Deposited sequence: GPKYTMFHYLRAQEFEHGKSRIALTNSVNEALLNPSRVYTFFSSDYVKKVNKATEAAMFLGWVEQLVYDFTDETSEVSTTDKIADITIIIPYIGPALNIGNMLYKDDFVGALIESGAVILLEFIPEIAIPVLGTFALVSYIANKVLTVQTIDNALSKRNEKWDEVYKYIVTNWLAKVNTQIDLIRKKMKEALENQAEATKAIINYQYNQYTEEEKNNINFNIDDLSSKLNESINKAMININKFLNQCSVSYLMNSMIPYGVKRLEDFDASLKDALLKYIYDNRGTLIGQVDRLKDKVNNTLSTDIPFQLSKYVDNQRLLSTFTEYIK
């Protein structure tokens, strides 16, 4: 029915003489150049649509800015979700994300996946051990032979991580960044549409009446800009949490299962290689055995900081590690 870009158009209007009115019905917003969509509360809708006496005008303005900031800075902190501690509930209603009708519900059941319009390729192919099997095949056993095999194994873990993180960088964050980029738009639209409904009423006030109080829209718009900045802070925090969440719970584990399988196979190989050739050490190979056993028994730690210099992403990842 409605893509993200339609909701974002429901939230626009052409400058005109008419009084424009916010509405919670998306369909209604689109079919009328006067009606504008909002993800704000029905209480907020009512409060702006209602026509306002000249006396109660500045007091009106006060409440809307309070209501704006209340609605915008909304923050749920339900901690039923893994590695997402903050939610911004109005995101879905604003961009048709969690309506793709309970958002926060949607995150709790399905995780951060629900932000992606396009699910990336998650499967990691089987990692074979043929290259190393061939490498040691009729090689006289030495310390360096075993150490090479093990550096190669390290390198493999490094390759799979790089693969996964890059997939994530390219296909996931770009998508999420789009939500961020667009959320800023939706919020800025709502500011422009409220500034419009207000400055409409004020320009129906008689000049002697109007002359009494000065509109000072550069004050208003400005106060609306700071309320948004505060909202983007919540949104960004949230988004980066979701990013690292998806990465660590829904992407990296697939690599790690495969890498573990790889270590395992390599282990068998090398230990057999060492026993088959123990006679080069007059039969005493206990150290070499212990080396491959220790090395391959522990996963190579994943450091997001290899790939990313971002402040937000790395701290979110730091929080992940405990």
{"item": "Unmodelled ranges, which are counted on the deposited sequence from position 1 and given in order", "value": "1 to 2, 103 to 105"}
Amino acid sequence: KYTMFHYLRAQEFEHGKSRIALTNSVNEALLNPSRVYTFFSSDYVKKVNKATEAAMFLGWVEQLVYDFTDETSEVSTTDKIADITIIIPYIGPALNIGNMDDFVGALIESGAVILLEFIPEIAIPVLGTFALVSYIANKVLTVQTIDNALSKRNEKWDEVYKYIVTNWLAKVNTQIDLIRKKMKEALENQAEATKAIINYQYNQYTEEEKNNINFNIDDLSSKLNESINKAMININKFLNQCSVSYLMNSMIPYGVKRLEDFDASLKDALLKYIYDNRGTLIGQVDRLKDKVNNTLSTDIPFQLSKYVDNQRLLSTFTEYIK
From here on, numbers count along this sequence of modelled residues.
item	value
Comparing 180 to 188 with 243 to 251, the one whose average Cα B-factor in the PDB entry is higher	180 to 188
Selected stretch [higher average CA B-factor]: 234 to 242 or 214 to 222	214 to 222
Residue with maximal Cα B-factor (values as given in the PDB entry) among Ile274, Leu281, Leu58, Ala264	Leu58
Most elevated Cα B-factor in the entry, residues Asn96, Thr206, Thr85, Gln144	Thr206
B-factor third for the C-alpha atom of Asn294 within its chain	middle
Among modelled residues of the same chain, the CA temperature factor third for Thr129	lowest
CA B-factor placement of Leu107, once the chain's modelled residues are sorted into thirds	middle
Assigned third (lowest, middle, highest) for the C-alpha B factor of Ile114	middle
Chain-relative CA temperature factor third for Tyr200	highest
